[PDB]
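First the structure, in the form of structure tokens, and then the observations on it.
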Amino acid sequence: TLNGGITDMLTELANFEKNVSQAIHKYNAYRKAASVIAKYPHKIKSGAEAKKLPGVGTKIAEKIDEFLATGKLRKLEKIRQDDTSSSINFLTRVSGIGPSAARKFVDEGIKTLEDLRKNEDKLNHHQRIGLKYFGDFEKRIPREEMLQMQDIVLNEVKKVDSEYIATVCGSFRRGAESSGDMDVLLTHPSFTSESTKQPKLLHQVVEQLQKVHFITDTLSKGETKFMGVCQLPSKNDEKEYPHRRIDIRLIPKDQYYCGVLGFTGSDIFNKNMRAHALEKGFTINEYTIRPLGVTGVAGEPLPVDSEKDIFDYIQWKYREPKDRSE
DNA sequence: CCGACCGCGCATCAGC
DNA sequence: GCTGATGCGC
DNA sequence: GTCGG
Ligand SMILES: Nc1nc2c([nH]c(=O)n2[C@@H]2O[C@H](COP(=O)(O)OP(=O)(O)OP(=O)(O)O)[C@@H](O)[C@H]2O)c(=O)[nH]1
Ligand SMILES: [Cl-]
Ligand SMILES: [Mn+2]
Ligand SMILES: [Mn+2]
Ligand SMILES: [Mn+2]
Ligand SMILES: [Mn+2]
Ligand SMILES: [Mn+2]
Ligand code: NA
Ligand code: NA
Ligand code: NA
């Protein structure tokens, strides 16, 4: 909010390059600039003041100057007028409709929430569920509701097998007041980097959650990752809780801390941390952290006793999950 | 000026 | 039936 | 779009 005017302008330009222009590296450049601006202590009064920041070049600087002088920007304003640009921008809001499927729909004459409803035969399962809970998914979850889901989920996993360990991560683990979805990390001692000694490990947990009438739908489902929809219970005819997105990822137990680091966030923070890993001779992943010599190929995974242990390898001062949201 | 911008799981589909 | 390319969300 | 090289 200190510079929300610039960030919101850089954010919309980021989503325009990703959904319409399909230039993912411009989308990342705008997001990297909007993030480093959102952490700037002083109030931005110059485009030249912004270009000193890492991630803000000349073109964004003049875009910033044009904003501070007028309160608007002609580039973004003309994109808002473009019917096809705004139609693709809206179609991508449906989960499962990416930049390519959205553009194909627009060239076919499908560009509204009803147009998608009339052509439900053209959408796959993930896209229909995204259509079904379009409004519910745009709503975000207060942390108080997240705590109810945390205890619903963490108790349902030990109903199946008390040697289950579920860790709610993501925005919730970063201490956010309200969250877009729920990200669950699940471990079982019979699943490690060397062998899987029990099958249906993730399946048993997903099946139990929907027997309690928690999980309502399934977007993706495999042996390791589950993407679906959940819902809190309601009593005494109170207005039903809105449906929420939930992701469940079963992880090797011996790779727990690198996965907690990878699925805590933020996505911009993990990117900057991973980039600074090769800066010092390591490669950080959702599973491992392998050293880098001169081979150009990663070495064997390193012992990781903590989440701070990964910080220690690249000699980064440990940052609590609350300060990892960038 | 210039190339490098992370890497994973799952679904769908074309081609066989 | 299968494998590979690709889209998608992260 | 940005920046290290
Ligand atoms: N590899 C990779 N991981 C990502 C990306 N984006 C992204 O959010 N993640 C990881 O995915 C985890 C959860 O994704 P998410 O959509 O729930 O984002 P979030 O929890 O930070 O925010 P939110 O749930 O409040 O909307 C994050 O901890 C993050 O590390 C990405 O683009 N690439
Ligand atoms: Cl270039
Ligand atoms: Mn119509
Ligand atoms: Mn989200
Ligand atoms: Mn999340
Ligand atoms: Mn609903
Ligand atoms: Mn240690
Ligand atoms: Na700069
Ligand atoms: Na989408
Ligand atoms: Na997620």
Side-chain angles (χ1 to χ4, degrees), chain A residues 9-19 21-37 47 50-64 75 88 91-105 122-130 137 169-171 179-186 202-203 206 217-229 245-252 255 258-259 261-279 282-290 292 296 298:
Chain A
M9 178 252 299
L10 297 172
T11 293
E12 203 195 315
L13 285 171
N15 286 69
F16 166 69
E17 302 285 350
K18 169 182 140 206
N19 296 317
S21 296
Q22 305 182 265
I24 200 61
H25 298 115
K26 291 196 186 178
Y27 156 89
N28 290 332
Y30 279 113
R31 291 209 308 156
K32 192 220 215 184
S35 172
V36 77
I37 278 174
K51 199 194 130 183
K52 321 162 103 183
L53 289 185
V56 176
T58 40
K59 299 190 106 290
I60 282 169
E62 41 177 79
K63 289 195 184 83
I64 284 182
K75 187 180 180 189
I88 302 167
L91 291 208
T92 58
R93 279 152 68 174
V94 177
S95 205
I97 297 190
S100 162
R103 177 175 294 262
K104 182 79 190 317
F105 280 146
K122 308 183 76 163
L123 317 164
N124 57 70
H125 176 87
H126 189 327
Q127 282 161 354
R128 293 167 165 156
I129 305 306
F137 286 166
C169 306
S171 63
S179 319
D181 61 10
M182 201 170 79
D183 310 300
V184 178
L185 192 83
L186 183 75
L202 171 63
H203 170 91
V206 176
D217 285 296
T218 298
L219 304 160
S220 314
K221 196 178 187 302
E223 291 276 310
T224 299
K225 188 188 65 177
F226 166 85
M227 303 170 56
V229 197
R245 278 271 292 108
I246 186 190
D247 296 325
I248 309 167
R249 179 75 151 272
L250 172 82
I251 196 172
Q255 294 169 343
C258 299
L261 183 75
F263 299 123
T264 286
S266 89
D267 65 320
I268 298 275
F269 166 81
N270 279 334
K271 275 204 172 204
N272 298 342
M273 179 170 187
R274 282 145 140 82
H276 197 266
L278 308 101
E279 217 156 287
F282 304 90
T283 165
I284 300 181
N285 204 316
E286 325 152 15
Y287 298 99
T288 44
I289 167 174
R290 310 166 249 159
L292 289 187

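The sequence lines fix the lettering, A, B, ..., with proteins before strands; numbering per chain opens at 1.
- When the P atom of D/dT2 is taken as reference, atom NZ of A/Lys26 falls 10 Å away, rounded to whole Å.
- Residue contacts for A/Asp267: at a heavy-atom cut-off of 4.0 Å it reaches no nucleic acid atom on any strand shown.
- When the side-chain nitrogen and oxygen atoms of A/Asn28 are compared with OP1 and OP2 of D/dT2, none of them lie within a distance under 4.0 Å.
- Shown here is A/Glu223, whose CD atom has no more than 12 heavy atoms of other residues, nucleotides or ligands within 6.0 Å.
- A/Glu279 places its CD atom 15 Å from the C1' atom of B/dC6, with the value rounded to the nearest Å.
- Looking at the side chain of A/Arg274, the nearest of the listed nucleotides B/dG9, C/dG9, B/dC6 is B/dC6.
- In the set B/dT12, B/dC8, C/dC8, C/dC8 carries the atom at the smallest distance from any side-chain atom of A/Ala101.
- Separating the NZ atom of A/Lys221 from the P atom of C/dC8 is a distance of 24 Å, rounded to the nearest angstrom.
- Put simply, CD on A/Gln255 is 13 Å from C1' on B/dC8, counting in whole angstrom units.
- Because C1'-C2'-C3'-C4' is negative for D/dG1, its sugar is assigned to the south class.
- Enclosure of atom NZ in A/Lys51 is not indicated, since only 12 or fewer non-hydrogen atoms of other residues, nucleotides or ligands lie within 6.0 angstrom.
- Distance CE (A/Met227) to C1' (B/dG9): 9 Å, rounded to an integer number of Å.
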message: Using the rule given for side chain to side chain donor-acceptor pair (under 3.5 Å), can you reason through A/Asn124 versus A/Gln127, listing the C-alpha separation, both sets of side-chain angles and the distance that settles it, and then say yes or no?
response: CA-CA 5 Å; A/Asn124 57 70; A/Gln127 282 161 354; 3.0 Å; yes

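- Residue A/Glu17 is classed as having no contact, given no heavy-atom separation below 4.0 Å to the nucleic acid.
- Between the base of B/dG9 and the side chain of A/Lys225 there is a donor-acceptor pair shorter than 3.5 Å.
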